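Structure file work31.txt; described as compact mmCIF, C-alpha atoms and all ligand atoms.
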# COMPACT_ATOMS: atom_id res chain seq x y z
CA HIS A 4 3.26 16.36 12.60
CA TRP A 5 3.49 12.55 12.65
CA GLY A 6 6.34 10.83 10.84
CA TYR A 7 8.77 7.94 11.09
CA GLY A 8 11.41 9.51 13.32
CA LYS A 9 12.13 8.59 16.95
CA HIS A 10 10.25 11.65 18.19
CA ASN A 11 7.18 11.34 15.94
CA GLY A 12 7.28 7.78 14.64
CA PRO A 13 4.76 4.87 14.89
CA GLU A 14 5.16 4.63 18.68
CA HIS A 15 3.94 8.20 19.17
CA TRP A 16 0.97 8.02 16.77
CA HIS A 17 -1.52 6.88 19.42
CA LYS A 18 -1.38 10.27 21.13
CA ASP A 19 -2.98 12.07 18.18
CA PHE A 20 -4.82 9.06 16.77
CA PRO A 21 -6.11 6.81 19.64
CA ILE A 22 -7.28 4.33 16.99
CA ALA A 23 -3.60 3.33 16.73
CA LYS A 24 -4.34 0.90 19.57
CA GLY A 25 -7.58 -0.32 17.98
CA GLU A 26 -8.98 -3.80 17.39
CA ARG A 27 -8.26 -4.10 13.65
CA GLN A 28 -4.97 -2.32 12.97
CA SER A 29 -2.56 -3.06 10.11
CA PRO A 30 -0.10 -4.29 9.08
CA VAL A 31 0.15 -7.75 10.67
CA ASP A 32 2.45 -10.74 10.38
CA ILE A 33 0.99 -13.42 8.13
CA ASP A 34 1.50 -16.83 9.74
CA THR A 35 1.19 -19.19 6.75
CA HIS A 36 0.50 -22.21 8.96
CA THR A 37 -2.34 -20.53 10.84
CA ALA A 38 -3.93 -18.97 7.76
CA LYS A 39 -7.24 -20.67 6.98
CA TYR A 40 -7.64 -21.88 3.41
CA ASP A 41 -11.13 -20.81 2.36
CA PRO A 42 -12.54 -22.63 -0.71
CA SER A 43 -15.49 -20.21 -0.86
CA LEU A 44 -13.15 -17.35 -1.78
CA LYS A 45 -13.62 -16.37 -5.43
CA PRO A 46 -10.67 -15.40 -7.61
CA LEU A 47 -9.81 -11.69 -7.75
CA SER A 48 -10.90 -9.63 -10.72
CA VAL A 49 -8.61 -6.74 -11.59
CA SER A 50 -9.79 -4.62 -14.52
CA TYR A 51 -7.13 -1.95 -15.08
CA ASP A 52 -7.33 -1.68 -18.89
CA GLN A 53 -9.11 1.70 -18.82
CA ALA A 54 -6.98 3.22 -16.05
CA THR A 55 -6.09 6.90 -16.29
CA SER A 56 -3.21 8.21 -14.15
CA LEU A 57 -3.17 11.96 -13.55
CA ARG A 58 -0.15 12.85 -11.47
CA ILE A 59 2.49 11.85 -8.96
CA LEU A 60 3.32 13.79 -5.81
CA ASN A 61 5.59 13.66 -2.79
CA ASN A 62 3.37 14.13 0.27
CA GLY A 63 6.09 14.12 2.91
CA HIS A 64 5.67 10.45 3.83
CA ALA A 65 5.65 8.68 0.44
CA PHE A 66 4.91 9.42 -3.21
CA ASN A 67 1.42 8.81 -4.59
CA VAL A 68 0.44 8.16 -8.19
CA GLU A 69 -3.17 9.33 -8.53
CA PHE A 70 -5.86 8.12 -10.90
CA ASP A 71 -9.11 9.47 -12.28
CA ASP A 72 -11.79 7.78 -10.14
CA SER A 73 -14.84 9.65 -11.44
CA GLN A 74 -15.95 6.53 -13.35
CA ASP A 75 -15.38 2.77 -13.19
CA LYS A 76 -12.11 2.98 -15.16
CA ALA A 77 -9.82 0.83 -13.03
CA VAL A 78 -11.72 -1.44 -10.66
CA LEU A 79 -11.17 -4.35 -8.31
CA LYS A 80 -13.89 -6.91 -7.58
CA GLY A 81 -14.29 -10.58 -6.76
CA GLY A 82 -12.16 -12.31 -4.17
CA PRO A 83 -13.54 -11.55 -0.67
CA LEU A 84 -15.22 -8.37 -1.90
CA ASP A 85 -18.88 -7.56 -2.27
CA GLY A 86 -19.27 -4.81 -4.84
CA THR A 87 -16.94 -2.80 -7.06
CA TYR A 88 -13.96 -0.85 -5.76
CA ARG A 89 -12.28 1.99 -7.72
CA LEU A 90 -8.53 2.56 -7.87
CA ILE A 91 -7.75 6.01 -6.50
CA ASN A 92 -3.98 5.86 -5.90
CA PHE A 93 -0.97 3.67 -5.35
CA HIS A 94 2.10 4.18 -3.19
CA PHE A 95 5.00 2.23 -1.69
CA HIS A 96 6.72 1.74 1.65
CA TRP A 97 10.44 0.98 1.57
CA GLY A 98 13.47 0.60 3.77
CA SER A 99 16.96 2.03 4.06
CA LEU A 100 18.34 -1.44 3.28
CA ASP A 101 17.09 -4.42 1.24
CA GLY A 102 16.24 -6.43 4.35
CA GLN A 103 13.37 -4.23 5.47
CA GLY A 104 10.74 -1.99 3.95
CA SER A 105 7.53 -4.01 3.77
CA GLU A 106 4.76 -3.46 6.28
CA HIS A 107 3.18 -6.90 6.21
CA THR A 108 5.54 -9.79 6.84
CA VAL A 109 5.19 -13.47 5.95
CA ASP A 110 6.29 -15.83 8.73
CA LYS A 111 8.20 -12.82 10.05
CA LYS A 112 9.99 -12.36 6.71
CA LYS A 113 10.36 -8.67 5.71
CA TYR A 114 10.61 -7.68 2.04
CA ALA A 115 12.47 -4.73 0.48
CA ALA A 116 9.26 -2.80 -0.16
CA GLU A 117 5.49 -3.07 -0.39
CA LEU A 118 3.18 -1.61 -3.01
CA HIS A 119 -0.32 -0.54 -1.97
CA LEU A 120 -3.06 -0.09 -4.59
CA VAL A 121 -5.87 1.76 -2.77
CA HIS A 122 -9.52 1.36 -3.87
CA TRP A 123 -12.82 2.66 -2.42
CA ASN A 124 -16.27 1.01 -2.48
CA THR A 125 -18.38 2.70 -5.16
CA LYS A 127 -21.64 2.21 -3.27
CA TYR A 128 -20.46 4.99 -0.95
CA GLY A 129 -20.14 7.65 -3.67
CA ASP A 130 -16.72 9.09 -2.89
CA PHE A 131 -13.53 8.34 -0.96
CA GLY A 132 -14.42 10.55 2.00
CA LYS A 133 -17.66 8.67 2.62
CA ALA A 134 -16.06 5.24 2.17
CA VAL A 135 -13.64 5.91 5.04
CA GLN A 136 -16.66 6.11 7.34
CA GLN A 137 -17.59 2.51 6.56
CA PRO A 138 -16.12 -0.81 7.84
CA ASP A 139 -16.06 -2.09 4.24
CA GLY A 140 -15.23 1.21 2.56
CA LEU A 141 -11.75 0.39 1.28
CA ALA A 142 -9.87 -2.46 -0.37
CA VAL A 143 -6.09 -2.32 -0.54
CA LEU A 144 -4.11 -4.67 -2.79
CA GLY A 145 -0.69 -5.27 -1.23
CA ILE A 146 2.24 -6.46 -3.32
CA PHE A 147 5.68 -7.36 -2.00
CA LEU A 148 8.85 -6.26 -3.78
CA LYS A 149 12.08 -8.25 -3.64
CA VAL A 150 15.44 -7.19 -5.09
CA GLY A 151 16.39 -9.19 -8.17
CA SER A 152 15.86 -8.52 -11.87
CA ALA A 153 14.41 -5.18 -12.96
CA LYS A 154 10.66 -4.66 -13.40
CA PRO A 155 10.29 -2.86 -16.78
CA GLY A 156 6.84 -1.55 -15.89
CA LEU A 157 8.26 0.32 -12.89
CA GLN A 158 10.91 2.30 -14.78
CA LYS A 159 8.53 5.09 -15.82
CA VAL A 160 7.88 5.76 -12.12
CA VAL A 161 11.56 5.53 -11.17
CA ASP A 162 12.55 8.05 -13.86
CA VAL A 163 10.15 10.79 -12.75
CA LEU A 164 11.23 10.68 -9.09
CA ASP A 165 13.91 13.37 -9.40
CA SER A 166 11.15 15.82 -10.40
CA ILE A 167 9.35 15.33 -7.07
CA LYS A 168 12.31 15.06 -4.69
CA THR A 169 10.93 17.14 -1.81
CA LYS A 170 7.66 17.39 0.13
CA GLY A 171 4.90 19.19 -1.73
CA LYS A 172 6.21 18.76 -5.27
CA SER A 173 4.03 17.14 -7.94
CA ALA A 174 4.21 16.40 -11.66
CA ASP A 175 1.85 15.34 -14.43
CA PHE A 176 1.98 11.57 -14.77
CA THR A 177 -0.40 10.39 -17.47
CA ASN A 178 -0.75 7.16 -19.41
CA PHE A 179 0.82 4.91 -16.79
CA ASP A 180 -0.49 1.32 -16.90
CA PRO A 181 -0.60 -0.28 -13.42
CA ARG A 182 -0.90 -3.75 -14.98
CA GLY A 183 2.88 -3.64 -15.36
CA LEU A 184 3.26 -3.88 -11.57
CA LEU A 185 1.31 -7.13 -11.10
CA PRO A 186 2.87 -10.54 -10.43
CA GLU A 187 1.98 -13.61 -12.49
CA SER A 188 -0.32 -15.20 -9.87
CA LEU A 189 -3.26 -13.64 -8.06
CA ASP A 190 -3.33 -16.05 -5.09
CA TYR A 191 -3.79 -14.08 -1.88
CA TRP A 192 -4.39 -13.85 1.85
CA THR A 193 -7.13 -11.55 3.15
CA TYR A 194 -8.09 -10.07 6.51
CA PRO A 195 -9.96 -7.02 7.90
CA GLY A 196 -7.65 -4.16 8.86
CA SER A 197 -6.77 -0.48 8.60
CA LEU A 198 -4.81 2.20 6.77
CA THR A 199 -1.19 1.93 7.86
CA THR A 200 -0.70 5.69 8.19
CA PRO A 201 -2.73 8.26 10.15
CA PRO A 202 -5.70 8.62 10.37
CA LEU A 203 -5.30 4.79 10.56
CA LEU A 204 -9.02 4.27 9.88
CA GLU A 205 -10.32 0.73 10.21
CA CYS A 206 -12.18 0.46 6.90
CA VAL A 207 -9.84 -1.79 4.96
CA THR A 208 -10.29 -5.26 3.53
CA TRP A 209 -6.68 -6.24 2.87
CA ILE A 210 -5.76 -8.43 -0.08
CA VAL A 211 -2.09 -9.38 0.11
CA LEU A 212 -0.69 -11.26 -2.88
CA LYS A 213 1.41 -14.35 -2.22
CA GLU A 214 3.81 -13.83 -5.14
CA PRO A 215 6.17 -10.85 -4.86
CA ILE A 216 7.48 -8.94 -7.87
CA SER A 217 11.20 -8.43 -8.48
CA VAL A 218 12.78 -4.99 -8.86
CA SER A 219 16.47 -4.22 -9.46
CA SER A 220 18.80 -2.79 -6.82
CA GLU A 221 19.08 0.31 -9.04
CA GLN A 222 15.29 0.78 -9.12
CA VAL A 223 14.89 0.62 -5.34
CA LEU A 224 17.90 2.92 -4.85
CA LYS A 225 16.03 5.72 -6.64
CA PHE A 226 13.24 5.50 -4.01
CA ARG A 227 15.82 6.12 -1.28
CA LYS A 228 16.86 9.43 -2.83
CA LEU A 229 13.52 11.13 -2.11
CA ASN A 230 13.25 13.59 0.79
CA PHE A 231 10.85 13.79 3.74
CA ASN A 232 11.60 17.50 4.11
CA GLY A 233 10.48 20.32 1.85
CA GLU A 234 12.85 22.30 -0.39
CA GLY A 235 15.30 24.49 1.50
CA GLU A 236 15.01 22.50 4.73
CA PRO A 237 17.84 20.20 5.91
CA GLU A 238 17.86 16.93 3.99
CA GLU A 239 16.14 13.95 5.63
CA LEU A 240 16.15 10.98 3.25
CA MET A 241 12.78 9.28 2.73
CA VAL A 242 13.56 5.76 3.94
CA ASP A 243 11.93 3.32 6.39
CA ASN A 244 8.45 4.79 5.95
CA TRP A 245 6.83 1.58 7.21
CA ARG A 246 4.81 0.70 10.30
CA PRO A 247 5.72 -2.36 12.44
CA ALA A 248 3.35 -5.35 12.58
CA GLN A 249 0.37 -4.92 14.91
CA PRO A 250 -1.42 -7.47 17.18
CA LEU A 251 -3.79 -9.68 15.20
CA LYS A 252 -6.25 -9.89 18.13
CA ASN A 253 -9.61 -11.49 17.32
CA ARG A 254 -9.02 -11.78 13.58
CA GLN A 255 -8.44 -14.63 11.15
CA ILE A 256 -6.38 -14.45 7.97
CA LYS A 257 -7.89 -16.46 5.10
CA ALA A 258 -5.94 -17.82 2.12
CA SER A 259 -7.35 -18.34 -1.37
CA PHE A 260 -4.89 -21.16 -1.98
CA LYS A 261 -3.87 -24.55 -0.60
HG HG A 301 -14.08 2.88 8.67
ZN ZN A 302 0.52 2.04 2.29

Would you kindly transcribe this structure into structure tokens?
Amino acid sequence: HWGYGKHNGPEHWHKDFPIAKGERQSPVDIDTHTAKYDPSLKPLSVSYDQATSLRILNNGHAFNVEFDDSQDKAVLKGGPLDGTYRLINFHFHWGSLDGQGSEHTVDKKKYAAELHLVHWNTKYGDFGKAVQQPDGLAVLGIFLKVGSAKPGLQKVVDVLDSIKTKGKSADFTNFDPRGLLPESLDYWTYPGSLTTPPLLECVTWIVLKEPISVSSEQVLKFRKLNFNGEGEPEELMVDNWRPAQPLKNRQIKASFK
């Protein structure tokens, strides 16, 4: 179906998902000099102490670590959000080389990868209902730069060989997402969409200013995954990111001066 190749990549998506050319598509380039500092923005509140991871799977376009969202175990609130949002999964986007991989860019600067923590608004009951609302989802975006190793990411890196090809999954319990957070919670926020089909415009994006550092060895493991399923010719899972989209009639707000 859709993918990141020249015959089914981001440029072809609009044919099956017309919303690709919508009014609030993501990602976008964050112009730090145009971003409006908003003093009314409250600090973010991330309560991940009771998080419960269930499994990790390779879905053909990335690998998702899923969480139990049947209760307010791991929630995001505060910031530009009204209401409580539950963590359902987290995934990454990465490149074939250290100079690309992130979806959002800062003053045109691309990072090695980008982590997306996906949450849905509890007032809507379940994920499927939330994606029918303009304020249904909240995605926390975190940039990854190559430098020193991130200890809290090693548990994820080690299990990757078990889910090399499309369709494979493995139990992945007791993982604490707090180990993937930077020191500061300063952020930029804007209304956007999911960066992969169906590309629904229900997302309130919260992109953290401070990136986290991962080692070259850690990011190399990501590049060993496969897009294809077992038995099929090997297509390395790299460059699974969408190019920046037109900002249009939108304003990016910053929580910091
Ligand atoms: Hg929506
Ligand atoms: Zn994503």

Straight-line distance linking atom CA of residue 76 of chain A with atom CA of residue 155 of chain A, stated in Å to one decimal =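 If I compute the distance from atom CA of residue 76 of chain A to atom CA of residue 155 of chain A, I get 23.2 Å.
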
Check which residues of segment 55-97 of chain A sit at most 12 Å from segment 20-41 of chain A using only C-alpha atoms, and return one row each with the closest pair of atoms and their distance in Å to one decimal, ordered by chain and rising number, as CSV.
residue,atom,partner,partner_atom,distance
A:82,CA,A:41,CA,10.8
A:83,CA,A:41,CA,10.0
A:96,CA,A:30,CA,11.8

inquiry  = Could you list, as a ChimeraX atom specification, all residues that come within 12 Å of ligand HG 301 (chain A)? Count all atoms listed in the file.
reply    = /A:22,25,27-28,123-124,128,131-142,195-198,202-208

inquiry  = Can you work out which residues are within 9 Å of ligand ZN 302 (chain A), considering all atoms listed in the file, and then hand them over as a PyMOL selection string?
reply    = chain A and resi 65+93-96+106+117-121+143+145+198-200+245

task = For each of A:152, A:74, A:169, A:43, take the minimum atom-to-atom distance to residue 236 of chain A, counting all atoms listed in the file, then give the residue where this is smallest.
result = A:169

inquiry  = Restricting the calculation to only C-alpha atoms: of A:246, A:149, A:111, A:261, which residue gets closest to residue 201 of chain A?
reply    =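 The shortest atom-to-atom distance to residue 201 of chain A comes from A:246.
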
query = Which one is closest to residue 53 of chain A: A:187, A:180, A:14, A:110? Count only C-alpha atoms.
reply =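 Result for the nearest residue to residue 53 of chain A: A:180.
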
Some atoms are absent from segment 42-77 of chain A, so rebuild N, CA and C atoms and return them as a JSON list (two decimals), keeping the file's coordinate frame.
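Ended up saving to rebuild-v4.json:
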[["chain", "number", "residue", "atom", "x", "y", "z"],
["A", 42, "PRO", "N", -12.10, -22.25, 0.63],
["A", 42, "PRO", "CA", -12.54, -22.63, -0.71],
["A", 42, "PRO", "C", -13.74, -21.84, -1.25],
["A", 43, "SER", "N", -14.35, -21.01, -0.41],
["A", 43, "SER", "CA", -15.49, -20.21, -0.86],
["A", 43, "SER", "C", -15.02, -18.89, -1.46],
["A", 44, "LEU", "N", -13.74, -18.58, -1.26],
["A", 44, "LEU", "CA", -13.15, -17.35, -1.78],
["A", 44, "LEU", "C", -13.06, -17.42, -3.30],
["A", 45, "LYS", "N", -13.64, -16.43, -3.97],
["A", 45, "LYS", "CA", -13.62, -16.37, -5.43],
["A", 45, "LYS", "C", -12.30, -15.76, -5.89],
["A", 46, "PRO", "N", -11.92, -15.99, -7.15],
["A", 46, "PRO", "CA", -10.67, -15.40, -7.61],
["A", 46, "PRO", "C", -10.85, -13.88, -7.75],
["A", 47, "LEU", "N", -9.76, -13.14, -7.63],
["A", 47, "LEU", "CA", -9.81, -11.69, -7.75],
["A", 47, "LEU", "C", -10.06, -11.31, -9.20],
["A", 48, "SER", "N", -10.65, -10.15, -9.39],
["A", 48, "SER", "CA", -10.90, -9.63, -10.72],
["A", 48, "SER", "C", -10.33, -8.22, -10.73],
["A", 49, "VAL", "N", -9.25, -8.04, -11.48],
["A", 49, "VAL", "CA", -8.61, -6.74, -11.59],
["A", 49, "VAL", "C", -8.77, -6.24, -13.03],
["A", 50, "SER", "N", -9.54, -5.18, -13.20],
["A", 50, "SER", "CA", -9.79, -4.62, -14.52],
["A", 50, "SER", "C", -9.15, -3.24, -14.60],
["A", 51, "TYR", "N", -7.88, -3.20, -14.99],
["A", 51, "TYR", "CA", -7.13, -1.95, -15.08],
["A", 51, "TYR", "C", -6.89, -1.47, -16.52],
["A", 52, "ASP", "N", -7.54, -2.08, -17.50],
["A", 52, "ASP", "CA", -7.33, -1.68, -18.89],
["A", 52, "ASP", "C", -7.69, -0.23, -19.24],
["A", 53, "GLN", "N", -8.68, 0.33, -18.55],
["A", 53, "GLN", "CA", -9.11, 1.70, -18.82],
["A", 53, "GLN", "C", -8.58, 2.71, -17.81],
["A", 54, "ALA", "N", -7.55, 2.34, -17.06],
["A", 54, "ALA", "CA", -6.98, 3.22, -16.05],
["A", 54, "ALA", "C", -6.43, 4.52, -16.63],
["A", 55, "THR", "N", -6.56, 5.60, -15.87],
["A", 55, "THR", "CA", -6.09, 6.90, -16.29],
["A", 55, "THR", "C", -5.34, 7.58, -15.13],
["A", 56, "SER", "N", -4.01, 7.56, -15.18],
["A", 56, "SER", "CA", -3.21, 8.21, -14.15],
["A", 56, "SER", "C", -3.21, 9.71, -14.44],
["A", 57, "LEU", "N", -3.15, 10.51, -13.39],
["A", 57, "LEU", "CA", -3.17, 11.96, -13.55],
["A", 57, "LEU", "C", -1.86, 12.60, -13.14],
["A", 58, "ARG", "N", -1.38, 12.26, -11.96],
["A", 58, "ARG", "CA", -0.15, 12.85, -11.47],
["A", 58, "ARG", "C", 0.52, 12.05, -10.38],
["A", 59, "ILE", "N", 1.71, 12.50, -10.00],
["A", 59, "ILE", "CA", 2.49, 11.85, -8.96],
["A", 59, "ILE", "C", 2.96, 12.98, -8.06],
["A", 60, "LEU", "N", 2.90, 12.77, -6.75],
["A", 60, "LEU", "CA", 3.32, 13.79, -5.81],
["A", 60, "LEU", "C", 3.99, 13.22, -4.58],
["A", 61, "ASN", "N", 4.87, 14.03, -3.99],
["A", 61, "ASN", "CA", 5.59, 13.66, -2.79],
["A", 61, "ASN", "C", 4.81, 14.35, -1.68],
["A", 62, "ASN", "N", 4.18, 13.57, -0.80],
["A", 62, "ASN", "CA", 3.37, 14.13, 0.27],
["A", 62, "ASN", "C", 4.06, 14.24, 1.63],
["A", 63, "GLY", "N", 5.37, 14.02, 1.65],
["A", 63, "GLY", "CA", 6.09, 14.12, 2.91],
["A", 63, "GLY", "C", 6.28, 12.79, 3.61],
["A", 64, "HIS", "N", 5.52, 11.78, 3.22],
["A", 64, "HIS", "CA", 5.67, 10.45, 3.83],
["A", 64, "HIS", "C", 5.81, 9.33, 2.80],
["A", 65, "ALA", "N", 5.53, 9.63, 1.54],
["A", 65, "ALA", "CA", 5.65, 8.68, 0.44],
["A", 65, "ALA", "C", 5.32, 9.45, -0.83],
["A", 66, "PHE", "N", 5.31, 8.77, -1.97],
["A", 66, "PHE", "CA", 4.91, 9.42, -3.21],
["A", 66, "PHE", "C", 3.69, 8.66, -3.72],
["A", 67, "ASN", "N", 2.65, 9.40, -4.09],
["A", 67, "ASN", "CA", 1.42, 8.81, -4.59],
["A", 67, "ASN", "C", 1.23, 9.06, -6.06],
["A", 68, "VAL", "N", 0.78, 8.04, -6.78],
["A", 68, "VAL", "CA", 0.44, 8.16, -8.19],
["A", 68, "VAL", "C", -1.09, 8.15, -8.13],
["A", 69, "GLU", "N", -1.72, 9.22, -8.58],
["A", 69, "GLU", "CA", -3.17, 9.33, -8.53],
["A", 69, "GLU", "C", -3.86, 9.01, -9.84],
["A", 70, "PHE", "N", -5.09, 8.51, -9.73],
["A", 70, "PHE", "CA", -5.86, 8.12, -10.90],
["A", 70, "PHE", "C", -7.21, 8.82, -10.93],
["A", 71, "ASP", "N", -7.80, 8.87, -12.12],
["A", 71, "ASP", "CA", -9.11, 9.47, -12.28],
["A", 71, "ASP", "C", -10.13, 8.44, -11.82],
["A", 72, "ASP", "N", -10.79, 8.70, -10.69],
["A", 72, "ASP", "CA", -11.79, 7.78, -10.14],
["A", 72, "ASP", "C", -13.22, 8.31, -10.24],
["A", 73, "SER", "N", -13.50, 9.09, -11.28],
["A", 73, "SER", "CA", -14.84, 9.65, -11.44],
["A", 73, "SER", "C", -15.77, 8.70, -12.20],
["A", 74, "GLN", "N", -15.22, 7.57, -12.62],
["A", 74, "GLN", "CA", -15.95, 6.53, -13.35],
["A", 74, "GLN", "C", -15.26, 5.20, -13.08],
["A", 75, "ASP", "N", -15.94, 4.10, -13.39],
["A", 75, "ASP", "CA", -15.38, 2.77, -13.19],
["A", 75, "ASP", "C", -14.33, 2.48, -14.27],
["A", 76, "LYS", "N", -13.19, 3.16, -14.19],
["A", 76, "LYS", "CA", -12.11, 2.98, -15.16],
["A", 76, "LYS", "C", -11.18, 1.84, -14.77],
["A", 77, "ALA", "N", -10.70, 1.87, -13.54],
["A", 77, "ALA", "CA", -9.82, 0.83, -13.03],
["A", 77, "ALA", "C", -10.50, 0.33, -11.77]]
